[PDB]
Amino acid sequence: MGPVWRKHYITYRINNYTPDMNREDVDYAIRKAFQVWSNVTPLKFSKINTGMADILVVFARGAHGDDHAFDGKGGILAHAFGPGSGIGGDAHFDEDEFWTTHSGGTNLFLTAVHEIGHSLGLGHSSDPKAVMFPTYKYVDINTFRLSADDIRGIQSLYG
């Protein structure tokens, strides 16, 4: 393995909101995305509105302060840093994308699941069924499930 979180209780904070969606929708998509991963691991995720969280969720465009500039609409959608102090664990979403509760844009839920995988220490999967496979494909949020390879990946890091 590379790095992992050495604790099981992990906090996140939503730094700022995208204007593409309602604030309630953004909270919900993010909360469900963490739930995908807490469902298959010992990890507990807790939303914090003050103080400093382990995992900061940020919407930004272009050069946004971290040597990995976003690229305007399309292309790179998002990135996240592996477990660590400071910017480690943080997930950044390209505001030049159009974020959506369902399809017809870039689905925030699905992307957040992918990115949180990174935040927890996963790399990319060679398996096209896996959410950690590095191409975006819309699947209905209600029918989305982690693949065998996703779970095997995360359980090897956290039991």
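Throughout, we count residues from 1 along the sequence that is shown.
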Quiz item: So which stretch wins on mean C-alpha B-factor, 97-105 or 53-61?
Solution: 97-105
Self-check item: Residue range whose averaged C-alpha B-factor is higher in the record, 144-152 or 11-19
Solution: 144-152
Exercise. Would you mind ranking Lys47 by its C-alpha B-factor against the rest of the chain and naming the third, lowest, middle or highest?
Key: middle
Self-check item: B-factor third for the C-alpha atom of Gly75 within its chain
Solution: middle
Practice problem: Would you mind checking where the Cα B-factor of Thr111 ranks among the modelled residues of its chain, as the lowest, middle or highest third? | Solution: lowest
Self-check item: Third of chain Cα B-factors occupied by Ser119
Solution: lowest
